[PDB]
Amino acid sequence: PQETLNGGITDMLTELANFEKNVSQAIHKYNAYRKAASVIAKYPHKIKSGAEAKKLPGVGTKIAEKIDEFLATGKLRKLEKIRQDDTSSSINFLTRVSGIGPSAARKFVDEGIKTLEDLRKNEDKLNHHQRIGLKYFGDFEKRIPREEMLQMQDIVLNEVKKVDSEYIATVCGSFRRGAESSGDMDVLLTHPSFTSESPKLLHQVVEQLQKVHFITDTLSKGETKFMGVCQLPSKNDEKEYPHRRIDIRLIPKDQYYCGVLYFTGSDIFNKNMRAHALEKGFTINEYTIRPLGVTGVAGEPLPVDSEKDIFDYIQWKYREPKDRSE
């Protein structure tokens, strides 16, 4: 429900996760805090003690104990000193720039660099990806309105076809799940001339999308995966639409739907499916669905021509993309 119920607690947890991830470089601690913060979100009751929250999956002794200290004092000793930390705050912030992870953030903060302004003055100490992340700092933190997504979709699809009518292109993520807003645009690309058996295939797409002035920057590009920046055309005299993150993967036709399924998520939904496929005699990854032997041994890939085949194999009513949150 609404934040107020356990916002103070979930906020603390989230703040702690960011600290562990950006500062401590302890990714598993980050996830442990995040998982607990989200499970405490679902909870329909005002948590009155740590022991209460402990009754949940993902909440152990340490978090239960911080919840006890939080309820009593309204603060968190640890988070307090962390907010004072002249370094922890700065390292946390810099990682908000795409291309700057825990390592670079720390190096910058040690060289005295700790604000966007500092970054602008020292563009020379940043690689190409980081320069772009700095350039579109604000634009990258904005949500993309579904209405805008559709508009972008029509552009990609249209252009993809303009190059070769046999190109299959699907847009996934929260978009393909119907959501009103999306963080970025993920596009899965395939072509009949590309399978797990058989360079200008992905390239001529990125190339074309550059010609119609959609894709504006490249973070990374190779023969199978592309990550860059796109933008919708300006409606005369009106604000130029913000720049957006676009990913374009070239997946083999024989593992395209497993791809399509995996990248449509949500990840929590996939887990409730991966773990279900596991106790029914099947394994689902990003590329293929495979049959297991008695001794947990895998086996050759099984023919998948549609996102539906995956469900039939593990006997699970084809869930709808519209209601596949979990």
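For clarity, a rigid core is taken as the largest C-alpha set superposing within 1.5 Å between two forms. All residue numbers are counted from 1 along the displayed sequence.
Undergrad: Do the Cα atoms of 83-91 or those of 141-149 sit farther, on average, from the shown form in 7 other deposited structures of this protein after fitting on the core?
TA: This comes out as 83-91, the stretch further from the shown form in 7 other deposited structures of this protein.
Undergrad: Rigid core superposed, root mean square over structures and residues, which stretch has C-alphas farther from this form in 7 other deposited structures of this protein, 96-104 or 71-79?
TA: Relative to the shown form, the greater RMS C-alpha distance in 7 other deposited structures of this protein belongs to 71-79.
Undergrad: If you count the residues of the deposited sequence that sit between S165 and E166 but have no coordinates, do you get none, 1 to 3, 4 to 9, or 10 or more?
TA: Count of unmodelled residues in between: none.
Undergrad: Higher average CA B factor in the deposited record is what I'm after, so tell me if that's 151-159 or 93-101.
TA: Stretch with the higher mean C-alpha B-factor: 151-159.
Undergrad: Check the entry's C-alpha temperature factors for 171-179 and 220-228, then say which stretch has the higher mean.
TA: In the deposited entry, the stretch with the higher C-alpha B-factor mean is 171-179.
Undergrad: Quick one: which of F70, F282, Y30, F263 has the biggest Cα B-factor according to the entry?
TA: If I rank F70, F282, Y30, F263 by C-alpha B-factor, first place goes to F282.
Undergrad: Report the option among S49, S38, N270, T61 whose CA atom has the maximum B-factor in the deposited record.
TA: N270 has the highest C-alpha B-factor of those listed.
Undergrad: Should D186 be placed in the lowest, middle or highest third of its chain by the C-alpha B factor in the entry?
TA: According to the entry, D186 has a C-alpha B-factor in the chain's lowest third.
Undergrad: Among the chain's modelled residues, which third holds the C-alpha B-factor of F140?
TA: Ranked within chain, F140 CA B lands in the lowest tercile.
Undergrad: Which third of the chain holds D85 when residues are ordered by C-alpha B factor: lowest, middle or highest?
TA: Highest third, going by the recorded CA B-factors of the chain.
Undergrad: Lowest, middle or highest third: which one holds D11 when the chain's residues are ordered by CA B-factor from the entry?
TA: Within its chain, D11 is a middle-third residue by C-alpha B-factor, going by the deposited values.
Undergrad: Taking the chain's C-alpha temperature factors as the reference, tell me which third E238 falls into: lowest, middle or highest.
TA: Highest third, going by the recorded CA B-factors of the chain.
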